Amino acid sequence: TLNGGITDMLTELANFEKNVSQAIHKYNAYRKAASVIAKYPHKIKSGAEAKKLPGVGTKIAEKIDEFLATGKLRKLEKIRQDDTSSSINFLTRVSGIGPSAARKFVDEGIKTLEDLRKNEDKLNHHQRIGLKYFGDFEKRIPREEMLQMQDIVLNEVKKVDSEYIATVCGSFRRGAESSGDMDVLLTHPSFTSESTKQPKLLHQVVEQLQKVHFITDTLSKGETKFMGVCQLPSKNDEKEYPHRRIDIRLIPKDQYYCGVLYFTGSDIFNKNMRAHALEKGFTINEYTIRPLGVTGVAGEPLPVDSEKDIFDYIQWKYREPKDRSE
DNA sequence: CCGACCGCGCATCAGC
DNA sequence: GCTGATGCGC
DNA sequence: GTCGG
Ligand SMILES: Nc1nc2c(ncn2[C@H]2C[C@H](O)[C@@H](COP(=O)(O)CP(=O)(O)OP(=O)(O)O)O2)c(=O)[nH]1
Ligand SMILES: [Mg+2]
Ligand SMILES: [Mg+2]
Ligand code: NA
Ligand code: NA
């Protein structure tokens, strides 16, 4: 927050391009810029200064100029005085309502959290559940609740099968003192790049978590990815904890390190690490790192036995997860 | 300059 | 059913 | 929006 003014303004700009302009690459350009300036170790005093950075071009330089001069960006005050945009933007806050659906709703006159509640019939199940818990998902999860939620998830999967390994990734694993949600990586020795031995391996863990009333809703669920809602138990007279978004991702056990790396993030750290991997001749995903053929098609998976092994291929010294928040 | 811009799971729908 | 496209996510 | 072929 030494250049937080600058970075807030850029991310606000990015959220507008994605949610309103539906210009997803304008979104990313602003996000790279805000990430670079966040990692920049001096208070910025001029647009031309910040333009040396990669990701900052001439138009972001002029906005930084204006904001340093006025403590304000004109383009942003007009985006906040447009009802339409604030309506679109706010509807994207609902889990399940992207830019496309937000725009349709407001176009058909849904503009408020009241209007959505009177029109649940216009919403799929995912959206309905993001509305049902809209206020709780706007909240942050203190790290201390994360710790309780983790204890419950790891006890309960131990119960299903002692060979499951379960790892809380996302912002939690990067050391955050509060998280947006809980991200859980799951490995079992019978789910491996060689074959899906017993298949129900994720189902069985989702089902035990529902059984004990931890998982309360399902947004989506496939064979390797579960997207749902959970809640800590509360005692007999406390106000009860807000429901929370939980994500469980079942990776093949021989690809745990790539999977852990993807799932630990941050999202922007991942796009920059995957970009620099390309400029070293590899491609990384949650499963593998592979060298690239000059044909478009990637090579064979290279052996990995630690996160740092992946940094090494692309010639980067290790970054502890707490230095991956960008 | 005009294009390129990380990688992928799950749901839905279009065309078949 | 499917491929591939899109929408909304991680 | 920025950078690069
Ligand atoms: N490569 C890649 N990985 C991503 C992306 N988005 C998320 N991930 C990976 C990295 C990301 O860390 C992980 C979980 O994503 P979230 O839970 O949505 C965001 P978190 O970082 O946990 O912070 P929180 O808001 O929860 O406090 O999936 C993406 O666009 N690309
Ligand atoms: Mg998260
Ligand atoms: Mg998540
Ligand atoms: Na620059
Ligand atoms: Na959302």
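Each chain gets a letter, A, B and so on, in the order its sequence line appears, and its residues count up from 1.
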J.: Please classify the nucleic acid contact of A:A101 as base, sugar-phosphate, or nothing, using heavy-atom distances under 4.0 Å.
T.: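 The answer is sugar-phosphate, as A:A101 gets under 4.0 Å only of primed atoms, P, OP1 or OP2.
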J.: Look at the side-chain N and O atoms of A:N285 and state whether any lies under 4.0 Å from the OP1 or OP2 oxygen of B:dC8.
T.: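 Yes.
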J.: Could you tell me how far C:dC10 sits from B:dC5 if I compare only their P atoms? Round to whole Å.
T.: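 My reading of the P atoms in B:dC5 and C:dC10 gives 24 Å.
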J.: Base, sugar-phosphate or nothing for A:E223? Non-hydrogen atoms, less than 4.0 Å.
T.: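 A:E223: backbone/sugar contact only, no base atoms under 4.0 Å.
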J.: Whole Å only: how far is the CD1 atom of A:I251 from the P atom of C:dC10?
T.: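 Going from CD1 in A:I251 over to P in C:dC10 covers 15 Å.
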J.: Quick one, A:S86 with A:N89, criterion side-chain hydrogen bond (donor to acceptor under 3.5 Å, both in side chains). Give me CA distance, side-chain angles, the key distance, then yes/no.
T.: CA-CA 5 Å; A:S86 164; A:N89 206 291; over 6 Å; no
J.: Give a yes or no on whether a donor-acceptor pair under 3.5 Å exists between the nucleobase atoms of C:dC10, that is its base, and the side chain of A:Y262.
T.: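 Indeed there is one.
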J.: When the distance from CD1 of A:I97 to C1' of B:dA11 is rounded to whole Å, what number comes out?
T.: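 After rounding, the gap between these two atoms is 16 Å.
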J.: If a pair satisfies salt bridge (charged side-chain N to carboxylate O under 4.0 Å, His left out) and one of its residues is in residues 119-134 of chain A, list it, with sequence neighbours excluded.
T.: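 Sorted pair list: A:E120-A:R128, A:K132-A:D217.
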J.: So, are A:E326 and A:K271 salt-bridged, with charged N and O less than 4.0 Å apart?
T.: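 So A:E326 does not pair with A:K271 through a salt bridge.
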J.: Please give the distance between the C1' atoms of B:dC1 and C:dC8 as a whole number of Å.
T.: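 It works out to 34 Å between them.
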J.: Please tell me whether A:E49 and A:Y40 have a donor and an acceptor in their side chains that are separated by less than 3.5 angstrom.
T.: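 Yes - a donor-acceptor pair under 3.5 Å links their side chains.
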J.: Taking the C1' atom of each, how far is D:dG1 from B:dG9, in whole Å?
T.: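 To the nearest whole Å, 29 Å.
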J.: Out of A:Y318, A:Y257, A:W316, which one pairs with A:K308 under the side chain to side chain contact (heavy atoms under 4.5 Å, CB included) rule?
T.: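 Exactly one option meets the side chain to side chain contact (heavy atoms under 4.5 Å, CB included) with A:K308, and it is A:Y318.
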J.: May I ask you to verify if any side-chain N or O of A:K26 is less than 4.0 angstrom from the OP1 or OP2 atom of D:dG1?
T.: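 Yes, within the criterion.
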J.: How many Å lie between CZ on A:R245 and P on C:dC8, as a whole number?
T.: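 The distance from CZ of A:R245 to P of C:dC8 comes to 15 Å, rounded to the nearest Å.
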J.: Looking at A:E207 and A:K211, is there a salt bridge between them, counting it only when a charged N and a carboxylate O are closer than 4.0 Å?
T.: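 Salt bridge: no.
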J.: For D:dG1 and A:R31 - does any side-chain N or O of the residue sit under 4.0 Å from the phosphate oxygens OP1/OP2?
T.: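 It does not, given that no N or O in the side chain of A:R31 lies less than 4.0 Å from OP1 or OP2 of D:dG1.
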J.: Choose from C:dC8, C:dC10, D:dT2 the nucleotide whose nearest atom is closest to any side-chain atom of A:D181.
T.: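 Closest nucleotide to the A:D181 side chain: C:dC10.
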J.: In terms of the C1'-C2'-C3'-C4' torsion, is C:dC10 a north or a south sugar?
T.: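 Since its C1'-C2'-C3'-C4' torsion is positive, the sugar of C:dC10 is on the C3'-endo, or north, side.
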J.: How close do A:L10 and A:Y30 get, counting heavy atoms only, and between which atoms?
T.: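 Closest heavy-atom pair between A:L10 and A:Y30: O-CB, 3.6 Å.
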J.: Taking only the side-chain heavy atoms of A:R249 (C-beta and beyond), determine which of B:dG9, B:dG7, C:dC8 contains the nearest atom.
T.: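 Taking heavy atoms from C-beta onward, the closest nucleotide is B:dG9.
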J.: For DNA chain B, whose closest nucleotide is more 5', that of A:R274 or that of A:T224?
T.: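 Residue closer to the 5' terminus by nearest nucleotide: A:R274.
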J.: To the nearest Å, give me how far apart OH (A:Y27) and P (B:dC6) are.
T.: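 My rounded result for the distance is 14 Å.
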J.: Whole angstrom is fine here: how far is it from NE2 in A:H126 over to P in B:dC10?
T.: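 Distance check: A:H126 NE2 to B:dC10 P gives 13 Å.
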J.: If I pick the P atom on C:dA5 and the same atom on B:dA4, what distance separates them, to the nearest angstrom?
T.: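 To the nearest whole Å, 16 Å.
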J.: Ignoring backbone atoms, test whether A:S220 places a side-chain nitrogen or oxygen under 4.0 Å from the OP1 or OP2 oxygen of B:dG9.
T.: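 Result: no.
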J.: Remember a base hit wins even if backbone is also touched, and classify A:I24 as base, sugar-phosphate or nothing at under 4.0 Å, heavy atoms.
T.: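 No contact at all - A:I24 keeps every heavy atom at 4.0 Å or more from the nucleic acid.
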J.: Counting the atoms with a prime plus P, OP1 and OP2 as sugar-phosphate, which does A:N124 contact under 4.0 Å by heavy atoms, base, sugar-phosphate, or nothing?
T.: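 Counting heavy atoms under 4.0 Å across all strands, no contact is made by A:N124.
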J.: Expected output is a numbered-order residue list: members of residues 305-326 of chain A with a heavy atom under 4.0 Å from any atom of DNA chain B. What is it?
T.: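 Within residues 305-326 of chain A, no residue comes under 4.0 Å of DNA chain B.
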J.: Quick one: which residue pairs count as a salt bridge (charged side-chain N to carboxylate O under 4.0 Å, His left out) with a foot in residues 145-165 of chain A, not counting sequence neighbours?
T.: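 For residues 145-165 of chain A, and leaving out neighbouring residues, the salt bridge (charged side-chain N to carboxylate O under 4.0 Å, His left out) pairs sorted by first residue read A:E145-A:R244, A:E156-A:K159.
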J.: I want to check one thing: is the phosphate of D:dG1, taken as OP1 and OP2, less than 4.0 Å away from some side-chain N or O of A:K59?
T.: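 Indeed, a polar side-chain atom of A:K59 lies that close.
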J.: Label B:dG15 north or south, basing it on the sign of the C1'-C2'-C3'-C4' dihedral.
T.: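 It is south, as the sign of the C1'-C2'-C3'-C4' dihedral turns out negative.
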J.: Between A:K221 and A:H25, who's closer to the 5' end of DNA chain B by nearest nucleotide?
T.: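 Comparing both residues, the 5'-ward one is A:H25.
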J.: Could you give the distance separating B:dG7 and D:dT2 at their P atoms, to the nearest angstrom?
T.: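 Between the two P atoms, the distance is 23 Å.
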J.: Any salt bridge linking A:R290 with A:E300? Criterion: basic side-chain nitrogen under 4.0 Å from a carboxylate oxygen.
T.: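 Not counted as a salt bridge, because no side-chain N and carboxylate O are separated by less than 4.0 Å.
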J.: With a 4.0 Å cut-off on heavy atoms, is A:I284 in touch with a base, just the backbone sugar-phosphate, or nothing at all?
T.: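 Answer is sugar-phosphate: A:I284 comes under 4.0 Å of backbone atoms only.
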J.: Could you walk me through whether A:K200 and A:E223 satisfy the salt bridge (charged side-chain N to carboxylate O under 4.0 Å, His left out) test, starting with their C-alpha distance in whole Å, then the side-chain angles of each, then the deciding distance to 0.1 Å, before giving a yes or no?
T.: CA-CA 7 Å; A:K200 275 311 183 341; A:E223 283 173 45; over 6 Å; no
J.: Without decimals, in angstroms, what is the distance between A:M9 CE and D:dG1 P?
T.: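 Atom-to-atom, A:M9 to D:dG1, this comes out as 13 Å.
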J.: Which nucleotide in the list B:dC6, C:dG7, C:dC10 gets nearest to the side chain of A:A275?
T.: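 Given the options B:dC6, C:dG7, C:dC10, the side chain of A:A275 is closest to B:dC6.
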J.: Once you look at the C1'-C2'-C3'-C4' sign, would you call C:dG1 north or south?
T.: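 Pucker of C:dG1: north.
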J.: So what does A:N270 hit on the nucleic acid, given a heavy-atom distance under 4.0 Å: a base, only sugar-phosphate, or nothing?
T.: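 A:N270: no heavy atom of the nucleic acid under 4.0 Å.
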J.: Once you round it to whole Å, what is the distance between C1' of B:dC10 and CD of A:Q127?
T.: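 My rounded result for the distance is 14 Å.
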J.: At less than 4.0 Å, is any side-chain N or O atom of A:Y287 found next to OP1 or OP2 of B:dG9? Yes or no.
T.: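 For B:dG9, OP1/OP2 do have a side-chain N/O of A:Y287 under 4.0 Å.
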J.: A:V36 near the nucleic acid: base, sugar-phosphate alone, or nothing, with a heavy-atom cut-off under 4.0 Å?
T.: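 If one applies the 4.0 Å heavy-atom cut-off, A:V36 turns out to touch nothing in the nucleic acid.
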J.: Tell me the interatomic distance from A:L292, atom CG, to B:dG7, atom P, rounded to whole angstroms.
T.: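 That distance rounds to 8 Å.
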J.: Assign A:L53 to base, sugar-phosphate, or nothing according to its heavy-atom contacts below 4.0 angstrom with the strands shown.
T.: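 The residue A:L53 makes sugar-phosphate contact but no base contact.
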